[PDB]
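S.K.: Chains as they are written, first to last, in the deposited numbering: chain A, 1770 to 1818; chain B, 1721 to 1724, 1739 to 1818; chain C, 1574 to 1615, 1617 to 1720; chain D, 1672 to 1724, 1739 to 1818. Dropping the structure in here first, questions after.
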Amino acid sequence: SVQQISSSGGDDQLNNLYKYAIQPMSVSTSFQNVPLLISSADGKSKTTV
Amino acid sequence: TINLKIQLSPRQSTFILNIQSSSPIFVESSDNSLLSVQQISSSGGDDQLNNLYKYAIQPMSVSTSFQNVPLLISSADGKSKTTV
Amino acid sequence: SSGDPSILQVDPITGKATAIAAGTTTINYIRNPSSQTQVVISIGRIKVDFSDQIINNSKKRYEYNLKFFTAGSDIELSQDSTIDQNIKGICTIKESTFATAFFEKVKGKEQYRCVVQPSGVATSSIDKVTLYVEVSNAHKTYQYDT
Amino acid sequence: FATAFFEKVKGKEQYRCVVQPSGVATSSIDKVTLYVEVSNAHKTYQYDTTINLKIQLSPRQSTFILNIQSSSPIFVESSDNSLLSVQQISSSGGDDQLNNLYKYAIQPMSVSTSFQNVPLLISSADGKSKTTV
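Right under this line is the structure:
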């Protein structure tokens, strides 16, 4: 599970700081090395976590 | 004793740059004949408690379209420098 | 000796040879037991290797490894310590002032690289950080780029 | 393209320029202007003058692309047009042209006839610079 966190404090927004919560979709199923993806909105710059 | 991108248009001719810092921030245009830059005075104390510096950014004439003119930004320390 | 001194001139004593022309020839050991090696002279490709580097910090150097290949056959050149491939080159950034670059030979090898160093933090006015690389021989009798 | 120096011939009132080149002359050198000053040992006068002076192909790789860089036009030929095809690649992208980079496709004239060490020729349009591949 992946969700964007809404920065309701303006101080976070002035830092240009995007935030995402990252979770297991069930607490009954252990897993390893699943790739989270990250991309810029022009489709160019990318990273895998 | 001594002390030691943005876009604008004919529908949106002003932008507001917000910047957070625990120390004073200078903001400049490299060209003050195509561009206008002014600090906004935060008359509400709520803005001041957020350490939030504010600058209005404008075209110097509505007859002269331009592109990619560098706004400069820097701390009073002189090293935390940025370009927009 | 050389089988063709106009393709490949050699010192009869200290074995040092210089690649003069593109072609194929031999170097021969005249003393008994006598011997030979064929030699072939050809750059026609560059590869840059990224090695998982992305330009996210101005207080880092981004150091990108070069590999060089023949004309027509795309065979990588011998990275051996009895050779100097005599490769000069120029690395720069194009379209963007966000970084500078240079060309570097890894001291004590036939291994070569680009080094890139940023000027600031990326504004959303930057479309690309276009790397450019030339390579040439010591005399510039040719150039090749990417 | 060259360096020069002044020399007095050891044991005579005979004097010379000696010139020594740095490289091969490119098609970008109209002249090699020699300059000569002479004076007495005290320089109570000076007087001077200026005077002019491999590729491999296979059933998995039947085309090679030869790139060549030059500030002047380049002819490229096979010594044998019955074993080999040679064609200039037209650079329809603009960025290619700014690099002075000539491109030639190089191919076997048939996929039924193996061959070895056929000389491709390369020359500058002034006929001075030549190379063989």
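The beta-carbon is built from N, C-alpha and C at its ideal position, and this holds for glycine as well.
For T1798(A), which residues in chain C fall below 7 Å Cβ to Cβ?
M.R.: By Cβ distance, chain C contributes nothing, its closest Cβ being about 29 Å from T1798(A), past 7 Å.
S.K.: So, at 7 Å on beta carbons, what are the nonlocal neighbours of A1594(C) in its own chain, with the 5 sequence-adjacent residues on each side left out?
M.R.: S1579, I1580, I1614
S.K.: Going along chain C, which residues have a C-beta under 8 Å from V1818(B)?
M.R.: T1697, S1699
S.K.: What do you reckon, are the CB atoms on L1724(D) and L1705(D) nearer than 8 Å?
M.R.: yes
S.K.: Measuring alpha carbon to alpha carbon, tell me which of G1646(C), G1694(C), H1713(C), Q1717(C) ends up nearest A1592(C).
M.R.: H1713(C)
S.K.: Using a Cβ-Cβ cut-off of 8 Å, state whether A1645(C) counts as contacting chain D.
M.R.: yes
S.K.: Does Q1782(B) pass the burial test, meaning 16 or more other C-beta atoms within 10 Å, or should it be called exposed?
M.R.: exposed
S.K.: Starting from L1783(B), trace the alpha helix (DSSP H) both ways and give me its first and last residue.
M.R.: 1779-1783
S.K.: Going by Cα to Cα distance, which pick from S1797(D), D1780(D), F1800(D), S1770(D) is closest to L1806(D)?
M.R.: The candidate whose alpha carbon is nearest that of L1806(D) is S1770(D).
S.K.: Quick one: what's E1762(B) bridged to in DSSP?
M.R.: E1762(B) pairs with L1806(B).
S.K.: Of all Cβ atoms in chain A, is any one closer than 8 Å to the Cβ of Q1741(B)?
M.R.: no
S.K.: Just by C-beta distance, which residues in the stretch 1777-1789 of chain A are closer than 8 Å to chain B?
M.R.: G1779, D1780, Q1782, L1783, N1784
S.K.: Can you tell me whether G1663(C) is helix, strand or coil according to DSSP?
M.R.: strand
S.K.: Less than 8 Å between C-beta atoms, sequence neighbours within five positions excluded: which residues of the same chain meet that for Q1717(D)?
M.R.: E1708, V1709, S1710
S.K.: Using a cut-off of 7 Å between C-beta atoms, extract the partners of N1802(B) located in chain C.
M.R.: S1699
S.K.: Applying the 10 Å Cβ sphere with the 16-neighbour rule, what's the burial state of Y1787(D)?
M.R.: buried
S.K.: Spell out a yes or no on whether the stretch 1761-1777 of chain D and the stretch 1675-1689 of chain C are touching, meaning 3 or more CB-CB pairs, one atom from each, closer than 8 Å.
M.R.: no
S.K.: With distance defined between alpha-carbon atoms, name the residue in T1597(C), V1695(C), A1590(C) nearest to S1808(B).
M.R.: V1695(C)
S.K.: What residue from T1644(C), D1701(C), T1697(C) has the CA that sits closest to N1785(A)'s CA?
M.R.: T1697(C)
S.K.: Out of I1603(C), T1599(C), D1701(C), state which residue places its alpha-carbon closest to the alpha-carbon of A1810(A).
M.R.: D1701(C)
S.K.: Taking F1624(C) as the reference, which of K1668(C), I1661(C), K1641(C), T1610(C) has the closest Cα?
M.R.: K1641(C)
S.K.: Hey, quick one: how far does the beta strand (DSSP E) through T1704(C) stretch, first residue to last?
M.R.: Note, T1704(C): premise wrong, no beta strand (DSSP E); not H, not E.
S.K.: Going along chain D, which residues have a C-beta under 9 Å from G1596(C)?
M.R.: The contacting residues are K1739, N1802, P1804, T1817, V1818.
S.K.: For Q1801(A) and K1815(A), what's the separation of their Cα atoms in angstroms?
M.R.: Answer to the nearest angstrom: the Cα atoms are 21 Å apart.
S.K.: Does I1628(C) come within less than 8 Å of chain A when only Cβ atoms are used?
M.R.: yes
S.K.: Tell me, please, whether the CB atom of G1663(C) is closer than 8 Å to any CB atom in chain D?
M.R.: So no, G1663(C) is outside the interface.
S.K.: Please determine, among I1667(C), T1644(C), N1639(C), the residue with the shortest C-alpha to C-alpha distance to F1749(D).
M.R.: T1644(C)
S.K.: Please confirm if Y1718(C) has its CB atom under 8 Å from at least one CB of chain D.
M.R.: yes
S.K.: How about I1600(C) and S1575(C): are their beta carbons less than 8 Å apart?
M.R.: yes
S.K.: Under a Cβ-count criterion, where at least 16 other Cβ atoms within 10 Å of its own Cβ denotes burial, should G1663(C) be classed as buried or exposed?
M.R.: buried
S.K.: Whose C-beta lies closer than 8 Å to the C-beta of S1747(B) among residues of the same chain, with five residues either side of it excluded?
M.R.: These residues qualify, in order along the chain: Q1792, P1793, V1796.
S.K.: Can the beta-carbon of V1703(C) be found closer than 8 Å to that of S1670(C)?
M.R.: yes
S.K.: Write down the C-beta distance between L1751(D) and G1646(C) rounded to the nearest angstrom, noting that I regard them as a contact closer than 8 Å.
M.R.: 7 Å
S.K.: Identify the residues that DSSP records as bridge partners of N1752(B): which are they?
M.R.: Paired residue(s): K1788(B).
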